Amino acid sequence: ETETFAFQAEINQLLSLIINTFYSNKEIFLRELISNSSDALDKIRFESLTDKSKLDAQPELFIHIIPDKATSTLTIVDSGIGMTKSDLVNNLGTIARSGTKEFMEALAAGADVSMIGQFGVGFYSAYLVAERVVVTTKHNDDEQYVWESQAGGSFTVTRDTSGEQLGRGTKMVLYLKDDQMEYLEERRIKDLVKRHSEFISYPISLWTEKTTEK
Amino acid sequence: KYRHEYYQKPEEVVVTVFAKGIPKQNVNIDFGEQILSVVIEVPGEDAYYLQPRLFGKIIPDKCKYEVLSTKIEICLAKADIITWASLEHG
Ligand SMILES: Nc1ncnc2c1ncn2[C@@H]1O[C@H](COP(=O)(O)OP(=O)(O)O)[C@@H](O)[C@H]1O
């Protein structure tokens with residue numbers, strides 16, 4: 001087909017705080033995404049120590065960052081373990097982990113939005129800089145699906161047909177807000193990566209033409 | 001066996017059984033006020049059983065399921081609009 005779910009209470013509130021307050025440290029979104037994406041690679045790797053055939057669908061473990069100046073989208077893709085549809089509905093909005101409420105309390109008590117990661121809701125940091133996010137994922141156990149939301153209190157999961165099929169993993173596309181146009185520049189991205197990913201152990205490449213960095 | 005998961009909306013609970021290429025014919029699923037029974041038939045050995053006593057109660061006539069090639073989706077219709085804390089009930 002597509003199915004529609006409404007964000008759990010807590011998460012709606014958080015999504016509001018994120019997309020409606022002006023925060024300073026918006027740049028950590030790329031950290032949180034690159035991370036959540038490392039964590040995903042780790043999983044498919046461990047699953048593969050005892051089953052070499054796990055990565056058959058797509059054998060290289062990687063992270064690609066693809067800034068399209070034209071459509072004004074920063075997009076991140078990994079060959080991580082990916083999400084089943086069930087996983088999409090459960091992690092990206094339907095279940096509200098404990099840190100969600102905890103985080104907002106902390107926020108108002110004057111914590112910094114950069115802690116959004118340490119509280120277990122890192123994913124939504126994307127809406128700091130994006131107005132629409134479109135996650136498309138394929139997990140070994142299920143087919144490719146697409147999660148999409150504009151933070152308007154609900155999200156959609158849809159089976160992927162028209163799309164170009166990933167072997168395995170996840171392709172987050174961030175349709176960037178106006179002011180946030182800076183995360184499309186090659187220099188900026190290269191900075192941000194170096195600055196926060198000095199513990200993450202897979203090839204991160206920048207397809208604003210070609211190559212990989214540090 | 002075969003892996004299972006579930007997610008929930010305020011009105012339904014959706015149990016997925018990850019079973020590749022199961023013939024529509026081999027899946028036998030029945031519903032009860034507070035039970036679910038999934039029995040997909042495996043040709044070689046014993047059947048797969050997923051036969052929990054459900055957390056909440058459900059409306060068995062409103063329950064549907066769908067065999068899909070990667071998975072079998074089962075939409076359980078919650079009898080009461082109340083969030084379940086697990087598929088099963090211990
Ligand atoms: N790129 C990705 N690949 C696979 N799974 C992901 C990805 N991004 C997010 N997820 C899923 O979203 C869940 C929560 O993400 P996040 O909000 O960062 O919290 P945390 O980083 O603490 O898990 C994870 O448990 C993971 O399964």
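The structure under discussion appears in the preceding block.
Novice: How would you explain the overall build of chain B if you had to name every residue and give the values?
Specialist: Counting its regular elements, chain B contains 0 helices and 7 strands. In chain B, the order of α-helices and β-strands from amino to carboxyl end is β-β-β-β-β-β-β. Radius of gyration (C-alpha) of chain B: 13 Å, near the 12 Å computed for a compact globule of 90 residues. Along the three orthogonal principal directions, the C-alpha set of chain B runs to about 40 × 25 × 20 Å. Among the 90 residues that make up chain B, the fraction classed as buried is 43%. Long-range contacts, defined here as pairs at least 24 residues apart, represent 53% of the contacts in chain B between residues at least 6 apart. Counting every atom, chain B has about 5100 Å² of accessible surface; 50% of that belongs to carbon and sulfur. Across chain B, 11 positive and 13 negative side-chain charges occur, with their mean positions spaced 4 Å apart.

Novice: Tell me about the packing of helix 2 (residues 28-49) of chain A against helix 5 (residues 186-196) of chain A, and name the residues and values.
Specialist: All names here are of chain A. Packing of helix 2 against helix 5 leaves a shortest axis separation of 10 Å and a crossing angle of 65 degrees. The handedness of the crossing between helix 2 and helix 5 comes out as right-handed. Along the contact surface, helix 2 presents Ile 28, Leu 30, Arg 31 and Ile 34, while helix 5 presents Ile 189, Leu 192, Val 193 and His 196. When grouped by side-chain class, the residues that make up the contact of helix 2 with helix 5 number 6 nonpolar, 1 polar and 1 charged.

Novice: Describe in detail the environment of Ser86(B), supporting the description with residues and values.
Specialist: All names here are of chain B. Mapped onto the secondary structure, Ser 86 falls in the segment after strand 7 (72-77). Along the chain, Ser 86 and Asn 26 lie 60 residues apart, while their C-alpha atoms are 27 Å from each other. Of note is the side chain of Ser 86, whose polar atom sits 2.9 Å from the backbone oxygen of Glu 88.

Novice: Got a sec to walk through the nonpolar core? Specific residues and values, please.
Specialist: Ranked by internal contacts, the top residues of the largest apolar core, which has 59 residues, are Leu30(A), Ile65(A), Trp147(A) and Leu174(A). Once residues within four sequence positions are removed from consideration, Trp147(A) is found in contact with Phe7(A), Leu88(A), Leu92(A), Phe123(A), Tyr127(A), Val133(A), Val134(A), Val135(A), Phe155(A), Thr156(A) and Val157(A). Counting residues in hydrophobic clusters, the runner-up holds 22 residues, among them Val13(B), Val27(B), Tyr48(B) and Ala77(B).

Novice: So what's going on with the site of the ligand? Which residues, and what values?
Specialist: Residue and element names in this part refer to chain A. Residues in close proximity to the ligand total 13 residues, the closest being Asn 36, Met 83, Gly 122, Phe 123 and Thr 170. At 3.4 Å, a side-chain N or O of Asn 91 approaches an oxygen atom of the ligand. Burial of the ligand by the protein chains amounts to 82% of its free accessible area of 540 Å². Mapped by element, the contributors of at least two residues to the shell around the ligand are helix 2, helix 3 (85-94) and strand 7 (169-176). No other element matches helix 2, which puts 3 residues into the shell around the ligand. Among the residues forming the shell around the ligand, the class breakdown is 6 nonpolar, 6 polar and 1 charged.

Novice: Before we move on, could you go through the packing of helix 1 (residues 9-20) of chain A against helix 4 (residues 98-108) of chain A and cite the residues and values that matter?
Specialist: Residues and elements named next belong to chain A. Remark: helix 1 packs on helix 4, axes separated minimally by 9 Å, with the N-to-C direction vectors making an angle of 35 degrees. Between helix 1 and helix 4 lies a crossing of left-handed hand. Contact with helix 1, carried on its side by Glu 10, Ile 11, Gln 13, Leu 14, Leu 17 and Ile 18, involves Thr 100, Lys 101, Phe 103, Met 104 and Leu 107 of helix 4 and no other residues of that element. Within the contact of helix 1 with helix 4, the residues separate by chemical class into 7 nonpolar, 2 polar and 2 charged.

Novice: Just give me the short version of the sheet that holds strand 7 of chain B, but keep the residues and values in it.
Specialist: Taking strand neighbours across the sheet as the criterion, the 4 strands line up as 1-2-7-6 (chain B) in an open arrangement whose pairing is antiparallel. Strands at the two margins of the open sheet, each flanked by one partner only, are strand 1 (3-8) and strand 6 (64-67) of chain B. In this sheet, neighbouring strand axes are inclined to one another by 15 degrees on average, regardless of whether the strands run parallel or antiparallel. Bridging between strand 2 (residues 12-18) of chain B and strand 7 of chain B involves 6 bridges; their strand directions are antiparallel. Its bridge partner being in strand 7 of chain B, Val14(B) is matched across the sheet by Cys75(B). Together, strand 1, strand 2 and strand 7 of chain B form the strand contacts of helix 3 of chain A, whose direction differs from that of strand 1 of chain B by roughly 40 degrees.

Novice: Could you give an account of the packing of aromatic side chains, naming the residues involved and the relevant values?
Specialist: As enumerated under the stated definition, the model contains 11 aromatic pairs over all chains in all. Taking the centre distance of 5.2 Å and the plane angle of 20 degrees together, the rings of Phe5(A) and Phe155(A) count as stacked. Here the residue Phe5(A) occupies a position in strand 1 (residues 3-6), and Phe155(A) occupies one in strand 6 (residues 154-159), the gap between them amounting to 150 residues. Judged by centre distance (5.2 Å) and plane angle (85 degrees), the rings of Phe29(A) and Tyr183(A) are edge-to-face. Here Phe29(A) is found in helix 2, whereas its partner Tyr183(A) is found in the loop between strand 7 and helix 5, with 154 residues between them in sequence. In textbook terms, an aromatic cluster arises when at least three aromatic residues are bridged by ring pairs, as seen for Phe5(A), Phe7(A), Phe123(A), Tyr124(A), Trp147(A), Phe155(A) and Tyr7(B).

Novice: So what's going on with the sheet that holds strand 3 (residues 27-31) of chain B? Residues and values would help.
Specialist: To summarise the sheet geometry, strands pair through backbone hydrogen bonds and adopt either a parallel or an antiparallel arrangement. Residue and element names in this part refer to chain B. Across the sheet, 3 strands lie side by side as 3-4-5; this open sheet has antiparallel pairing. Strands at the two margins of the open sheet, each flanked by one partner only, are strand 3 and strand 5 (48-50). Averaged over all adjacent pairs, the angle separating strand axes in this sheet is 10 degrees, with direction ignored. Bridge count between strand 3 and strand 4 (residues 36-40): 5 bridges; the pairing is antiparallel. By the bridge assignment, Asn 28 is partnered in strand 4 with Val 39.

What counts and how
- Residues numbered from 1 in each chain as written, not as in the entry; some residues may be left out.
- Chains lettered and ligands numbered in written order.
- Heavy atoms only, no water.
- Residues with missing side-chain atoms left out of burial classes, pairs and counts.
- Helix = DSSP H or I, 4+ residues; strand = E, 2+ residues; numbered from the N terminus.
- Rg over C-alpha atoms; globule rule 2.2 N^0.38 Å.
- Buried < 20%, exposed > 50% of the residue type's maximum accessible area, 1.4 Å probe, protein only.
- Contact = heavy atoms within 4.5 Å.
- Areas by Shrake-Rupley, 256 points an atom, 1.4 Å probe, with all protein chains shown as cover.
- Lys, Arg positive; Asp, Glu negative; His and termini not counted.
- Charge placed at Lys NZ, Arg CZ, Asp CG, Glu CD.
- Axes fitted to C-alpha atoms, helices over the stretch in contact; angles between N-to-C directions.
- Left-handed = near helix turned anticlockwise from the far one by under 90°.
- Nonpolar A, V, L, I, M, F, W, Y, C, P; charged D, E, K, R; others polar.
- Polar contact = N/O pair within 3.5 Å; in protein donor to acceptor, adjacent residues only side chain to side chain.
- Core = buried A, V, L, I, M, F, W, Y, C linked by side-chain atoms within 4.5 Å.
- Near = heavy atom within 4 Å.
- Pairing = 2+ DSSP bridges.
- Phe/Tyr/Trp six-rings, centres within 6.5 Å; stacked < 30°, edge-to-face > 60°.

So, to be careful, I would describe these as geometric facts and stop short of saying anything about function.
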